[PDB]
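Quick notes on the structure that follows.
In what follows, every chain begins at residue 1, and chains take the letters A, B, ... in the order their sequences are listed.
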Amino acid sequence: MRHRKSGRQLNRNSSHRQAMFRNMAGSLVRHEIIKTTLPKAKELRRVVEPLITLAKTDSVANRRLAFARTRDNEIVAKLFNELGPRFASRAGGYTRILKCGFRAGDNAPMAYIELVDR
Amino acid sequence: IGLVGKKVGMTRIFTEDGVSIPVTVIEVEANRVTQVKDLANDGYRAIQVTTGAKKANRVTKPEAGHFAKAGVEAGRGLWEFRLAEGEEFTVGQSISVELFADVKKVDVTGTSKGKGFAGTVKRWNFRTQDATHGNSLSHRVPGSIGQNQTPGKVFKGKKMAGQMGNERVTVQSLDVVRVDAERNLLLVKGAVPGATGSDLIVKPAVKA
Amino acid sequence: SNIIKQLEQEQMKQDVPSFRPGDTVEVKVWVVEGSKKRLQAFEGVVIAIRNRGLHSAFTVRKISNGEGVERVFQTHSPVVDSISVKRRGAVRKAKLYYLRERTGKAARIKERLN
Amino acid sequence: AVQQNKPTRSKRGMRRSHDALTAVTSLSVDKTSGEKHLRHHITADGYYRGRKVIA
Amino acid sequence: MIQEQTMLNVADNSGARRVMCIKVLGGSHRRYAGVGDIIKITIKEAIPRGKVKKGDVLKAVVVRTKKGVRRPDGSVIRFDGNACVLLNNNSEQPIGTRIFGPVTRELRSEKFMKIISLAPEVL
RNA sequence: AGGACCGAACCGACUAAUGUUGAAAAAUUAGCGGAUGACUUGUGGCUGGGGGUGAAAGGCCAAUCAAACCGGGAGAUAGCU
RNA sequence: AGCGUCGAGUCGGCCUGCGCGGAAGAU
RNA sequence: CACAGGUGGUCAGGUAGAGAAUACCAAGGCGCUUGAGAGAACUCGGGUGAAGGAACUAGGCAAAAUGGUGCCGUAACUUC
RNA sequence: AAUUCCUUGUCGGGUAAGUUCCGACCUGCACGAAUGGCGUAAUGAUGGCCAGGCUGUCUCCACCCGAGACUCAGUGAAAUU
RNA sequence: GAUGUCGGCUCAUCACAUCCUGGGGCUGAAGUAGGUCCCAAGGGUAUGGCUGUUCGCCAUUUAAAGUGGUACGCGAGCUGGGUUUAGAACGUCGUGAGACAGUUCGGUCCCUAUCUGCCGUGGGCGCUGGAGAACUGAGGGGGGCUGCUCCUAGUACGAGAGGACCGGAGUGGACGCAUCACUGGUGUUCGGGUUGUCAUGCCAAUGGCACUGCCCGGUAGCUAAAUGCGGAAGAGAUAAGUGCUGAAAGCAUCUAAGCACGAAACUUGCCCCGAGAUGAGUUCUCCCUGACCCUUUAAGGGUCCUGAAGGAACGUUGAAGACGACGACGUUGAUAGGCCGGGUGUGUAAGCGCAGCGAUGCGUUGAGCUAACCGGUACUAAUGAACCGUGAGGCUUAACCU
Ligand SMILES: C=C[C@]1(C)C[C@@H](OC(=O)CS[C@H]2C[C@H]3CC[C@@H](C2)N3C)[C@]2(C)[C@H](C)CC[C@]3(CCC(=O)[C@H]32)[C@@H](C)[C@@H]1O
Ligand SMILES: [K+]
Ligand SMILES: [K+]
Ligand SMILES: [K+]
Ligand SMILES: [K+]
Ligand SMILES: [K+]
Ligand SMILES: [K+]
Ligand SMILES: [K+]
Ligand SMILES: [K+]
Ligand SMILES: [K+]
Ligand SMILES: [K+]
Ligand SMILES: [K+]
Ligand SMILES: [K+]
Ligand SMILES: [K+]
Ligand SMILES: [K+]
Ligand SMILES: [K+]
Ligand SMILES: [K+]
Ligand SMILES: [K+]
Ligand SMILES: [K+]
Ligand SMILES: [K+]
Ligand SMILES: [K+]
Ligand SMILES: [Mg+2]
Ligand SMILES: [Mg+2]
Ligand SMILES: [Mg+2]
Ligand SMILES: [Mg+2]
Ligand SMILES: [Mg+2]
Ligand SMILES: [Mg+2]
Ligand SMILES: [Mg+2]
Ligand SMILES: [Mg+2]
Ligand SMILES: [Mg+2]
Ligand SMILES: [Mg+2]
Ligand SMILES: [Mg+2]
Ligand SMILES: [Mg+2]
Ligand SMILES: [Mg+2]
Ligand SMILES: [Mg+2]
Ligand SMILES: [Mg+2]
Ligand SMILES: [Mg+2]
Ligand SMILES: [Mg+2]
Ligand SMILES: [Mg+2]
Ligand SMILES: [Mg+2]
Ligand SMILES: [Mg+2]
Ligand SMILES: [Mg+2]
Ligand SMILES: [Mg+2]
Ligand SMILES: [Mg+2]
Ligand SMILES: [Mg+2]
Ligand SMILES: [Mg+2]
Ligand SMILES: [Mg+2]
Ligand SMILES: [Mg+2]
Ligand SMILES: [Mg+2]
Ligand SMILES: [Mg+2]
Ligand SMILES: [Mg+2]
Ligand SMILES: [Mg+2]
Ligand SMILES: [Mg+2]
Ligand SMILES: [Mg+2]
Ligand SMILES: [Mg+2]
Ligand SMILES: [Mg+2]
Ligand SMILES: [Mg+2]
Ligand SMILES: [Mg+2]
Ligand SMILES: [Mg+2]
Ligand SMILES: [Mg+2]
Ligand SMILES: [Mg+2]
Ligand SMILES: [Mg+2]
Ligand SMILES: [Mg+2]
Ligand SMILES: [Mg+2]
Ligand SMILES: [Mg+2]
Ligand SMILES: [Mg+2]
Ligand SMILES: [Mg+2]
Ligand SMILES: [Mg+2]
Ligand SMILES: [Mg+2]
Ligand SMILES: [Mg+2]
Ligand SMILES: [Mg+2]
Ligand SMILES: [Mg+2]
Ligand SMILES: [Mg+2]
Ligand SMILES: [Mg+2]
Ligand SMILES: [Mg+2]
Ligand SMILES: [Mg+2]
Ligand SMILES: [Mg+2]
Ligand SMILES: [Mg+2]
Ligand SMILES: [Mg+2]
Ligand SMILES: [Mg+2]
Ligand SMILES: [Mg+2]
Ligand SMILES: [Mg+2]
Ligand SMILES: [Mg+2]
Ligand SMILES: [Mg+2]
Ligand SMILES: [Mg+2]
Ligand SMILES: [Mg+2]
Ligand SMILES: [Mg+2]
Ligand SMILES: [Mg+2]
Ligand SMILES: [Mg+2]
């Protein structure tokens, strides 16, 4: 049973998932649109959107929390200097997932996830 | 008869003499009578009731006309209650939790929480075999399922793994702790079937 | 939810004092030995608090007549007549289960004087 | 555990009575580009619901 | 929550120091004795010149448990150790003259009012 | 000093689980024994089948051993199926 | 036979036909 | 077999360490040639567990436990 | 008794309870002196027994993390009949 | 041209020659408590020490620790202690190889389930116009155990000792169902402490790796040891048994006619499934009221138009779930995520200042962070469509209306 449980395992261990979503969150902030599998896109929202929320309030503490969760100062800088400012008036929903068919190699359901004002 | 309610959740009532009574809170909104079954037309005596408030788009035209015949708003479903020898009700009558004002004990029916596909240990309280002492791949497995050539088959009703829960369960003879007609609440002592939010059928206790 | 909130809030005591893990508290409990009722004091260290509205509880550890005793009080129970902080303890943790393995000098808690 | 008797071509067919694929019931038509697409999916030219969403 | 093989401390001056539960009495397949339950015990360790001897088979009433007791408001009382009071095998009356450490109000019964009276406190 | 001690490499193989149409015709994993010696290992050499070799288990002698393998006597013989 | 009364049969061996009990088992 | 096996020699960085153990790294080399989901039973490999503590079992099998250095201290018996 | 059939001999010890164990007895079915007798410190992945510690071994299982199992796409066996 | 074996474990299922509980006759049955026989199979029916044991003995329970059948039930379910390979030894026999239903130590247990069966769960078609619901209940399944205490009553009974029936009340054991409010477990998705090391230029602060590195706490969920509930009462027909009236047979006789009692068995009552109940049931509601031509004039066939109710599909999903299924929701929207507020948990972040030689302490500060929770909120994603499903529904006969 998984009654009321959140979070997808994605056939990985916890440390792999954490590392993967840190990378993928970095990729989405950097590029503003990425193509990934639909389940990964849905989970990535729960990682990326809180980073954008954190980035609305520029402070050393918040930059360091963002750095702890991204480990990339280019990404932290973009969050606090661009995205947080860009999304200051938006109450959540900083991303949109667009389904885009099936991956050739494994028939994986694919989606684009992008920042909403890209 | 009984009423249809909703499992809100569980809490406690502290009594003045320092007893904590575990209570299931049941929200019993007005049950509106949608149909009265009689012996002439239907061959048995019953009321059909509705409760709650369904949204127009989700109410089909067949459903709408049934409610419209009764002259009541669409609720979230229909439930029947068999009538006693005396009991009379009218179509469109609303029945409140005040029904239970003088009732001491109730039977509460709901749909149990769904455990999905359950092993024999969980489903039937089978004992596990040895975790060690040489056991090969047979820790929680059911063991033997029959005899030998006589009878050369497994008997019907054999306890085996399968779907557990997500089925109708009645818990009998629950004490009515409080009937709060103003808040549309019935408080019953102890647990009742189903998750928070699920439909409950509450009836006066059959046993006594 | 909002329903259960309302049912719970009307039963909640309004006069529960502030206390923290590590405090020495005296809890006076109603004891009915027959029909006569009286207050029995239970004094000891708060080793755990469960903050959970009406379902709040706290665990008090005492050494009584040789023996370590713990009592888990249901904070809003009418059995609990009164609670009073006798001494404020300075501890880091929310839960002082480590005190179960300590006696005497090892089980001392520094006073929190502020 | 293995068969004592060779299962028939009949029995094979019967087991495969549930193997048939379901065709796409209908394709949606983008309101701008007029391209057919899977419903709730972007078009091959990168439209979705009239908007050019990718390039 | 005492079962067969559970070692208990002795909350009396009968002379036993350590006793082992060899039977939870009062029903077929009965698993556990809590506070107020009679158990069959064997004395594993005793004082030199006590009223009881090592290897004696007696009854005892469980007076403290680590699992503890629940009260009607949902409260719990738990002890650091499991303790019992040795009883005469036939009469089920306390062997010792003193009781040591707290007991609970679960013992308040004509059967064990001697233990209550002798106990240094009742919780 | 030591067929001394603890312990890697190295040599081994006591227990358990897995695996048993294996990843593997003997292993993997966790533990285990020896670890300056009657030790271990590379290269090459010698011993040949009623023969060898054997700190001896009928062990081993090319996944084969109470008499190797290959070819031959040979279509042995088979009151048996 | 029941209690001298009472007014018609009664009694139990034999041979034999057919039944009755004796007679509890495991999917 | 693009096979968790077998195969002798040589070289020997850093931090911690007695160490060629072990952990993390350097140089250097790799992610092991099906993937994607899901988060049932059951199996496998693991983590934690109230109270009890060998009651398990042929048997404490397995597991849990012990585990370092310095110092103090150390019984029967003994071929010393 | 690595030997004893009768046999779980008998007595003592250990356990609440001990066909095993330890110590005895001698009635050695069927020990016995280099196919050695009886001892014996040390040693042992050796056999038996007891105790402390320790624990999911168990009472009696619960939850969790992973790999399978399940679904989709690709490839695609087997014994048997 | 193989039908795996003792014992254990797991899971059973039936018989009744009944161990307990239920009913009853007789008793050398005062009571209590037995003995014996009859009825009764609903349910229930020990844990340990020793031994491979089954068994047995022993300890201590229990209302009781039933007896049997089921390939001495159950190894394509587990074990492998015993038996029964190869090693070795003892006693014993044999000149010896060796041997012993003597003993002793060691000693590989394979199978991915086609069919039947069983537990679950779907798809198809049917049920006669289609559709959405609510039902009836043929039939099936589950459940059915019991202690102790108190009252009645120290009554009846008894010389005492002791000590009831019947009836009533309470509280347990075992078992079962549900649930998570409580008490707790778990909680590698939350917070913190900390060892070694590597990195982010460095400091400070962080992150990676070391079993989640090791740990301490812990939210939701799941959950038991947690806490609610259950077994029934009642009814019918009975068993053994007890009778009433009563002849045959002037009597007697519970039986032949007639009538009455009588048990955990039976049929109900309680719970769950249930119309594929093809004997395919009922009730309520909803929807479709067009043209046209052929030929094989028939439940014939095709076209043009029409496309309902509703369904499905897709999407967002769920205390529903292996997949199907089932439930919620799809902008006229709280379905999910985010966001906001709260709660909860952890336990006083960072930065800065102050004190200290410094480790560190103190202030800012119960701070900061906070998953699955609660209450809200259209910010994001749930699309306009399209698709399937049709167009008044056979014949015969009756009863009524035209
Ligand atoms: C090999 C036959 C086995 C597996 C076992 C057999 O037991 C014997 O035959 C005892 S002799 C013993 C058998 C096996 C093979 C060699 C050795 C000697 N051991 C390991 C045994 C128990 C029977 C006595 C004879 C019949 C059996 C079928 C049913 C049964 O109970 C079997 C046979 C047909 C079975 O295949
Ligand atoms: K030869
Ligand atoms: K002998
Ligand atoms: K000799
Ligand atoms: K049986
Ligand atoms: K009798
Ligand atoms: K029975
Ligand atoms: K057989
Ligand atoms: K067996
Ligand atoms: K078989
Ligand atoms: K098997
Ligand atoms: K078949
Ligand atoms: K809980
Ligand atoms: K919890
Ligand atoms: K670090
Ligand atoms: K039907
Ligand atoms: K289902
Ligand atoms: K939302
Ligand atoms: K601070
Ligand atoms: K600070
Ligand atoms: K806080
Ligand atoms: Mg959720
Ligand atoms: Mg995978
Ligand atoms: Mg890690
Ligand atoms: Mg579920
Ligand atoms: Mg078991
Ligand atoms: Mg195996
Ligand atoms: Mg296993
Ligand atoms: Mg048959
Ligand atoms: Mg055949
Ligand atoms: Mg198929
Ligand atoms: Mg050496
Ligand atoms: Mg070797
Ligand atoms: Mg190894
Ligand atoms: Mg050695
Ligand atoms: Mg060594
Ligand atoms: Mg030999
Ligand atoms: Mg060879
Ligand atoms: Mg030869
Ligand atoms: Mg010739
Ligand atoms: Mg030939
Ligand atoms: Mg006869
Ligand atoms: Mg490869
Ligand atoms: Mg290789
Ligand atoms: Mg090598
Ligand atoms: Mg290394
Ligand atoms: Mg898993
Ligand atoms: Mg562990
Ligand atoms: Mg534990
Ligand atoms: Mg513990
Ligand atoms: Mg212990
Ligand atoms: Mg044992
Ligand atoms: Mg046992
Ligand atoms: Mg071991
Ligand atoms: Mg270990
Ligand atoms: Mg013998
Ligand atoms: Mg003997
Ligand atoms: Mg003896
Ligand atoms: Mg023992
Ligand atoms: Mg001896
Ligand atoms: Mg000899
Ligand atoms: Mg000689
Ligand atoms: Mg010798
Ligand atoms: Mg054959
Ligand atoms: Mg009988
Ligand atoms: Mg029957
Ligand atoms: Mg019945
Ligand atoms: Mg026994
Ligand atoms: Mg058998
Ligand atoms: Mg049997
Ligand atoms: Mg097997
Ligand atoms: Mg079999
Ligand atoms: Mg064996
Ligand atoms: Mg031999
Ligand atoms: Mg039944
Ligand atoms: Mg229970
Ligand atoms: Mg909760
Ligand atoms: Mg907790
Ligand atoms: Mg934890
Ligand atoms: Mg952490
Ligand atoms: Mg630093
Ligand atoms: Mg690294
Ligand atoms: Mg590394
Ligand atoms: Mg008469
Ligand atoms: Mg009963
Ligand atoms: Mg807090
Ligand atoms: Mg920090
Ligand atoms: Mg402060
Ligand atoms: Mg918040």
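- Residue whose closest nucleotide on RNA chain J sits further toward the 5' end, between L25(E) and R127(B): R127(B).
- One can find a donor-acceptor pair under 3.5 Å joining the base of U80(I) and the side-chain atoms of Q3(D).
- For the pair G146(B) and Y48(D), nearest-nucleotide mapping onto RNA chain J gives the more 5' position to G146(B).
- For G250(J), the base is syn relative to its sugar; the glycosidic angle is within 90° of 0.
- An aromatic stacking contact between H66(B) and the base of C284(J) is absent, as defined here by ring centres under 5.5 Å apart and ring planes under 30° from parallel.
- When both pairing distances are held under 3.5 Å, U47(F) makes no Watson-Crick or G-U pair with any nucleotide shown.
- No N or O donor and acceptor, one from the side chain of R45(A) and one from the base of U380(J), sit under 3.5 Å apart.
- Atom CG in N166(B) sits about 5 Å away from atom P in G321(J), given to the nearest Å.
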Using atom names, set out every protein N or O paired with an N or O of nucleotides 228-230 of chain J below 3.5 Å, distance rounded to 0.1 Å.
from    : atom 1 : to      : atom 2 : distance (Å)
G228(J) : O2'    : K189(B) : O      : 3.4
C229(J) : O3'    : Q172(B) : O      : 3.4
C229(J) : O2'    : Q172(B) : O      : 2.6
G230(J) : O3'    : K207(B) : NZ     : 3.2

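- Nucleotide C150(J) has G168(J) as its partner under the Watson-Crick or G-U criteria, with both atom distances under 3.5 Å.
- Near RNA chain H, meaning a heavy atom under 4.0 Å away, the residues from residues 104-116 of chain A are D106(A), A108(A), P109(A).
- Dashed line: the shortest gap from a side-chain N or O of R69(A) to OP1 or OP2 of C369(J) is not under 4.0 Å.
- Pairing partner, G230(J): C175(J), with both Watson-Crick or wobble hydrogen-bond distances short of 3.5 Å.
- A donor and an acceptor atom sit less than 3.5 Å apart, one in the side chain of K23(E) and one in the base of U60(J).
- The partner of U194(J) is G213(J), by the rule that a Watson-Crick or G-U pair needs both atom distances under 3.5 Å.
- There is a side-chain donor-acceptor pair under 3.5 Å between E8(C) and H55(C).
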| Would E43(A) and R17(A) count as a salt bridge (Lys or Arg N to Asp or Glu O under 4.0 Å) if you check the C-alpha gap in whole Å, the side-chain angles of each, and the deciding distance to 0.1 Å? | CA-CA 10 Å; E43(A) 286 294 298; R17(A) 279 195 294 293; over 6 Å; no
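- With both atom-pair distances required to fall under 3.5 Å, no Watson-Crick or G-U wobble pair links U183(J) to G318(J).
- Looking at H133(B), its side chain comes within 3.5 Å of the base of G59(H) through a donor and an acceptor atom.
- In this entry the base of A355(J) is anti relative to its sugar, with a glycosidic angle more than 90° from 0.
- Proximity of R140(B) to the phosphate of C11(J): no side-chain N or O atom is located under 4.0 Å from OP1 or OP2.
- OP1 and OP2 of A16(I) both lie 4.0 Å or more from every side-chain N or O belonging to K59(E).
- Here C16(J) sits opposite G66(J) as a Watson-Crick or G-U wobble pair (both hydrogen-bonding atom distances under 3.5 Å).
- Under the Watson-Crick or G-U wobble criterion, with both distances below 3.5 Å, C373(J) is paired with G342(J).
- On a pure distance criterion of 3.5 Å, a polar donor-acceptor pair joins the side chain of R71(A) and the base of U200(J).
- With its glycosidic angle within 90° of 0, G144(J) is assigned syn.
- Here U62(J) does not sit opposite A298(J) as a base pair, Watson-Crick or G-U wobble, with both distances under 3.5 Å.
- A donor-acceptor contact under 3.5 Å is not formed by the side chain of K66(E) with the base of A51(H).
- Looking at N2(C), its side chain has no donor and acceptor atom pair within 3.5 Å of the base of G375(J).
- At least one donor-acceptor pair closer than 3.5 Å links the side chain of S112(B) to the backbone N or O of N166(B).
- A donor-acceptor contact under 3.5 Å links the side chain of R2(A) to the base of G321(J).
- When both pairing distances are held under 3.5 Å, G45(H) makes a Watson-Crick or G-U pair with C65(I).
- Ion pairing of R90(A) with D117(A) is absent here, as no side-chain N (NZ or NE/NH1/NH2) approaches a carboxylate O to less than 4.0 Å.
- At a cut-off of 3.5 angstrom, the base of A386(J) holds no donor-acceptor pair with the side chain of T25(D).
- Here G35(H) is matched with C72(I) as a Watson-Crick or G-U wobble partner, both contacts being under 3.5 Å.
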